[PDB]
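Undergrad: Pasting a structure here, questions to come.
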Ligand SMILES: CO[C@H]1O[C@H](CO)[C@@H](O)[C@H](O)[C@H]1NC(C)=O
Ligand SMILES: [Ca+2]
């Protein structure tokens, strides 16, 4: 049940997993938890999510706790600012080092604890 959008296939899971178990599942299917690199991709993702919470490829990297994409897409702090829910990321309990799609809006992302289980979204490139 992979959905096709702009050169990539996407898997919206039916089973919830911790952030890392999710990523491992994605990697087992030749994919990664999804990156988000445009307004149109964000829109495709939150709309397809239909108001449910899905882990995406957001996770912390380096000593500074900068956000990064697990698929190694460079994280663009400037261009991604409009994608977080107002007030996020907020590192609640100093233990929110992974990110999910939460609100059905362009401002969709929340940081949550990595060990919480949620549905998840894998992204796999199509290579002709
Ligand atoms: C009450 O905390 C929840 O909502 C806040 C924003 O109010 C979020 O910042 C926070 O991450 C989220 N917690 C979880 C576990 O998802
Ligand atoms: Ca948060």
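Residues displayed in chain A correspond, in order, to Swiss-Prot positions 198-325.
The deposited model was determined using X-ray crystallography, 1.9 Å.
Including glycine, each Cβ sits where the backbone N, Cα and C put it.
According to Swiss-Prot, the protein has these features:
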DISULFID  223-319  disulfide bond
DISULFID  295-311  disulfide bond
Undergrad: With H, G and I counted as helix, E and B as strand and the rest as coil, say where DSSP puts residue 319 (disulfide bond).
TA: strand
Undergrad: Looking at Cβ-Cβ distances, which residues of the chain lie under 8 angstroms from residue 319 (disulfide bond) while being 6 or more apart from it?
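TA: Sequence-distant Cβ neighbours: 207, 208, 210, 219, 222, 223, 226, 228, 229, 230, 231.
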Undergrad: Determine, from DSSP, whether residue 311 (disulfide bond) sits in helix, strand or coil.
TA: coil
